[PDB]
file structure-v5.pdb (PDB, N, CA and C atoms)
ATOM      1  N   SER S   1       2.882  -4.689 -18.425  1.00  0.00           N
ATOM      2  CA  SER S   1       2.346  -3.431 -18.995  1.00  0.00           C
ATOM      3  C   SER S   1       1.013  -3.026 -18.310  1.00  0.00           C
ATOM      4  N   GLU S   2      -0.100  -3.746 -18.565  1.00  0.00           N
ATOM      5  CA  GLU S   2      -1.435  -3.457 -17.959  1.00  0.00           C
ATOM      6  C   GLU S   2      -1.537  -3.513 -16.400  1.00  0.00           C
ATOM      7  N   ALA S   3      -0.868  -4.481 -15.736  1.00  0.00           N
ATOM      8  CA  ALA S   3      -0.711  -4.502 -14.254  1.00  0.00           C
ATOM      9  C   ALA S   3       0.013  -3.268 -13.628  1.00  0.00           C
ATOM     10  N   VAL S   4       1.137  -2.821 -14.226  1.00  0.00           N
ATOM     11  CA  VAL S   4       1.884  -1.595 -13.808  1.00  0.00           C
ATOM     12  C   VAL S   4       1.091  -0.257 -14.034  1.00  0.00           C
ATOM     13  N   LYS S   5       0.299  -0.104 -15.121  1.00  0.00           N
ATOM     14  CA  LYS S   5      -0.414   1.162 -15.464  1.00  0.00           C
ATOM     15  C   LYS S   5      -1.396   1.699 -14.377  1.00  0.00           C
ATOM     16  N   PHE S   6      -2.361   0.893 -13.884  1.00  0.00           N
ATOM     17  CA  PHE S   6      -3.223   1.280 -12.721  1.00  0.00           C
ATOM     18  C   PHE S   6      -2.497   1.528 -11.355  1.00  0.00           C
ATOM     19  N   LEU S   7      -1.406   0.794 -11.050  1.00  0.00           N
ATOM     20  CA  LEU S   7      -0.529   1.069  -9.874  1.00  0.00           C
ATOM     21  C   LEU S   7       0.250   2.425  -9.943  1.00  0.00           C
ATOM     22  N   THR S   8       0.801   2.806 -11.116  1.00  0.00           N
ATOM     23  CA  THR S   8       1.380   4.163 -11.363  1.00  0.00           C
ATOM     24  C   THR S   8       0.353   5.348 -11.376  1.00  0.00           C
ATOM     25  N   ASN S   9      -0.920   5.142 -11.786  1.00  0.00           N
ATOM     26  CA  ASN S   9      -2.005   6.157 -11.630  1.00  0.00           C
ATOM     27  C   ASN S   9      -2.362   6.449 -10.138  1.00  0.00           C
ATOM     28  N   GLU S  10      -2.727   5.417  -9.348  1.00  0.00           N
ATOM     29  CA  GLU S  10      -3.000   5.558  -7.894  1.00  0.00           C
ATOM     30  C   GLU S  10      -1.832   4.887  -7.127  1.00  0.00           C
ATOM     31  N   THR S  11      -0.874   5.704  -6.647  1.00  0.00           N
ATOM     32  CA  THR S  11       0.305   5.211  -5.870  1.00  0.00           C
ATOM     33  C   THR S  11       0.004   5.244  -4.337  1.00  0.00           C
ATOM     34  N   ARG S  12      -0.882   4.330  -3.897  1.00  0.00           N
ATOM     35  CA  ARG S  12      -1.339   4.226  -2.482  1.00  0.00           C
ATOM     36  C   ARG S  12      -0.574   3.132  -1.679  1.00  0.00           C
ATOM     37  N   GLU S  13      -0.310   1.945  -2.277  1.00  0.00           N
ATOM     38  CA  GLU S  13       0.560   0.878  -1.703  1.00  0.00           C
ATOM     39  C   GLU S  13       1.961   1.317  -1.165  1.00  0.00           C
ATOM     40  N   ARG S  14       2.747   2.094  -1.935  1.00  0.00           N
ATOM     41  CA  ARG S  14       4.034   2.682  -1.460  1.00  0.00           C
ATOM     42  C   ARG S  14       3.943   3.720  -0.292  1.00  0.00           C
ATOM     43  N   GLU S  15       2.857   4.517  -0.205  1.00  0.00           N
ATOM     44  CA  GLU S  15       2.620   5.469   0.919  1.00  0.00           C
ATOM     45  C   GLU S  15       2.180   4.794   2.258  1.00  0.00           C
ATOM     46  N   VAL S  16       1.272   3.791   2.241  1.00  0.00           N
ATOM     47  CA  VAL S  16       0.889   3.015   3.466  1.00  0.00           C
ATOM     48  C   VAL S  16       2.029   2.113   4.048  1.00  0.00           C
ATOM     49  N   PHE S  17       2.831   1.426   3.202  1.00  0.00           N
ATOM     50  CA  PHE S  17       4.077   0.729   3.642  1.00  0.00           C
ATOM     51  C   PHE S  17       5.286   1.641   4.030  1.00  0.00           C
ATOM     52  N   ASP S  18       5.358   2.914   3.579  1.00  0.00           N
ATOM     53  CA  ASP S  18       6.224   3.955   4.212  1.00  0.00           C
ATOM     54  C   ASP S  18       5.904   4.231   5.722  1.00  0.00           C
ATOM     55  N   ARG S  19       4.613   4.305   6.118  1.00  0.00           N
ATOM     56  CA  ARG S  19       4.199   4.352   7.545  1.00  0.00           C
ATOM     57  C   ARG S  19       4.109   2.888   8.077  1.00  0.00           C
ATOM     58  N   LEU S  20       5.236   2.370   8.605  1.00  0.00           N
ATOM     59  CA  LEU S  20       5.356   0.945   9.039  1.00  0.00           C
ATOM     60  C   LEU S  20       4.528   0.525  10.294  1.00  0.00           C
ATOM     61  N   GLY S  21       4.334   1.411  11.293  1.00  0.00           N
ATOM     62  CA  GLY S  21       3.370   1.181  12.399  1.00  0.00           C
ATOM     63  C   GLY S  21       1.887   0.979  11.995  1.00  0.00           C
ATOM     64  N   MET S  22       1.329   1.881  11.159  1.00  0.00           N
ATOM     65  CA  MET S  22      -0.078   1.777  10.670  1.00  0.00           C
ATOM     66  C   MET S  22      -0.157   0.998   9.314  1.00  0.00           C
ATOM     67  N   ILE S  23       0.112  -0.322   9.364  1.00  0.00           N
ATOM     68  CA  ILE S  23       0.003  -1.254   8.201  1.00  0.00           C
ATOM     69  C   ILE S  23       0.057  -2.723   8.731  1.00  0.00           C
ATOM     70  N   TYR S  24       1.154  -3.147   9.405  1.00  0.00           N
ATOM     71  CA  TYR S  24       1.206  -4.443  10.148  1.00  0.00           C
ATOM     72  C   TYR S  24       0.305  -4.550  11.422  1.00  0.00           C
ATOM     73  N   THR S  25       0.014  -3.442  12.138  1.00  0.00           N
ATOM     74  CA  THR S  25      -1.026  -3.408  13.212  1.00  0.00           C
ATOM     75  C   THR S  25      -2.484  -3.605  12.669  1.00  0.00           C
ATOM     76  N   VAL S  26      -2.841  -2.994  11.515  1.00  0.00           N
ATOM     77  CA  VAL S  26      -4.141  -3.218  10.810  1.00  0.00           C
ATOM     78  C   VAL S  26      -4.322  -4.710  10.354  1.00  0.00           C
ATOM     79  N   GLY S  27      -3.361  -5.285   9.598  1.00  0.00           N
ATOM     80  CA  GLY S  27      -3.365  -6.723   9.218  1.00  0.00           C
ATOM     81  C   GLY S  27      -3.393  -7.772  10.360  1.00  0.00           C
ATOM     82  N   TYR S  28      -2.556  -7.595  11.402  1.00  0.00           N
ATOM     83  CA  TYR S  28      -2.599  -8.415  12.649  1.00  0.00           C
ATOM     84  C   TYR S  28      -3.956  -8.400  13.432  1.00  0.00           C
ATOM     85  N   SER S  29      -4.651  -7.246  13.527  1.00  0.00           N
ATOM     86  CA  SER S  29      -6.028  -7.161  14.091  1.00  0.00           C
ATOM     87  C   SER S  29      -7.101  -8.034  13.361  1.00  0.00           C
ATOM     88  N   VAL S  30      -7.156  -8.016  12.009  1.00  0.00           N
ATOM     89  CA  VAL S  30      -8.041  -8.918  11.214  1.00  0.00           C
ATOM     90  C   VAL S  30      -7.291 -10.257  10.911  1.00  0.00           C
ATOM     91  N   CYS S  31      -7.434 -11.244  11.818  1.00  0.00           N
ATOM     92  CA  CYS S  31      -6.810 -12.584  11.677  1.00  0.00           C
ATOM     93  C   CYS S  31      -7.802 -13.635  12.211  1.00  0.00           C
TER      94      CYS S  31
END

call {"tool": "encode", "arguments": {"input": "structure-v5.pdb", "output": "structure tokens"}}
result
Amino acid sequence: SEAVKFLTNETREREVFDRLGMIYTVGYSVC
């Protein structure tokens, strides 16, 4: 309940993983 409520208000995680090039290139650079 409480974990799902803040994720449904700001839906940013689903939009950045839709753009697959600009997400795994950002994580691989900071290692």

call {"tool": "atom_distance", "arguments": {"input": "structure-v5.pdb", "atom1": "CA of residue 7 (chain S)", "atom2": "CA of residue 29 (chain S)"}}
result
25.9 Å

call {"tool": "atom_distance", "arguments": {"input": "structure-v5.pdb", "atom1": "atom N of residue 12 (chain S)", "atom2": "atom N of residue 25 (chain S)"}}
result
17.8 Å

call {"tool": "atom_distance", "arguments": {"input": "structure-v5.pdb", "atom1": "CA of residue 11 (chain S)", "atom2": "CA of residue 23 (chain S)"}}
result
15.5 Å

call {"tool": "decode", "arguments": {"input": "structure-v5.pdb", "residues": "chain S", "atoms": "C-alpha atoms", "output": "CSV table (one decimal), in the first residue's frame"}}
result
chain,number,residue,atom,x,y,z
S,1,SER,CA,0.0,0.0,0.0
S,2,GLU,CA,2.4,2.8,1.2
S,3,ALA,CA,5.4,1.7,-1.1
S,4,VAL,CA,3.0,1.8,-4.3
S,5,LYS,CA,1.4,5.2,-3.4
S,6,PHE,CA,4.6,7.5,-3.9
S,7,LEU,CA,5.6,5.5,-7.1
S,8,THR,CA,2.1,6.1,-8.7
S,9,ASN,CA,2.3,9.9,-7.8
S,10,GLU,CA,5.8,10.4,-9.6
S,11,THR,CA,6.0,7.8,-12.4
S,12,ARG,CA,9.7,8.4,-13.4
S,13,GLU,CA,11.2,4.8,-13.1
S,14,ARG,CA,8.9,3.5,-16.0
S,15,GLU,CA,9.8,6.5,-18.4
S,16,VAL,CA,13.7,6.2,-17.9
S,17,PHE,CA,13.6,2.3,-18.5
S,18,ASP,CA,11.4,2.9,-21.7
S,19,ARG,CA,14.6,4.8,-23.1
S,20,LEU,CA,16.9,1.7,-22.9
S,21,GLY,CA,20.1,3.4,-24.3
S,22,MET,CA,20.1,6.3,-21.7
S,23,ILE,CA,19.8,4.1,-18.5
S,24,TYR,CA,22.4,1.2,-18.7
S,25,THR,CA,25.0,3.6,-20.2
S,26,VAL,CA,24.6,6.0,-17.1
S,27,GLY,CA,24.9,3.0,-14.6
S,28,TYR,CA,27.9,1.4,-16.4
S,29,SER,CA,29.8,4.8,-16.3
S,30,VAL,CA,29.5,5.0,-12.4
S,31,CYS,CA,31.2,1.7,-11.4
